[PDB]
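Colleague: Build me a structure from this.
(2 chains, ligands or ions: 1)
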Amino acid sequence: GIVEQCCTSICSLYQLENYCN
Amino acid sequence: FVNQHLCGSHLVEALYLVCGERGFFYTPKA
Ligand SMILES: [Zn+2]
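Modeller: Numbering: from 1, shown residues only, chains lettered A, B, ... in the order given. Shown next is the protein structure:
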């Protein structure tokens, strides 16, 4: 998911915003 | 903003900056 994807590939801050509460 | 390559604790730092006081969930694969 997000953890893996940011490390194996690349991710954007907008993607990370999906993890905020 | 730019695309980032974030591993380990560096991802948790990014989440902290993005979410701030909303807080977040850090859910890695098992
Ligand atoms: Zn490091």
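Colleague: need the residues of chain A near chain B, please.
Modeller: Residues of chain A that fall close to chain B, judged by CB under 8 Å from any CB of the partner chain: A:1-4, A:6-7, A:9-14, A:16-17, A:19-21. Every residue, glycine included, has its C-beta placed from N, CA and C.
Colleague: quick one: contacts for residue 2?
Modeller: Since you didn't name a chain, this refers to chain A. A:11, A:15-16, A:18-19, B:27 (CB atoms under 8 Å, 6 or more residues apart in numbering or on different chains).
Colleague: that answer is for a different chain, and I need it for chain B
Modeller: With CB under 8 Å, 6+ apart as the criterion, the residues that contact residue B:2 are residue A:12.
Colleague: part of a helix, is it?
Modeller: No - in this structure, residue B:2 is coil, not part of a helix, as judged by DSSP: H, G, I helix; E, B strand; the rest coil.
Colleague: So which residues on chain B come close to chain A?
Modeller: On the criterion CB under 8 Å from any CB, chain A has as its neighbours in chain B the residues B:1-8, B:11, B:14-15, B:18-19, B:22-29.
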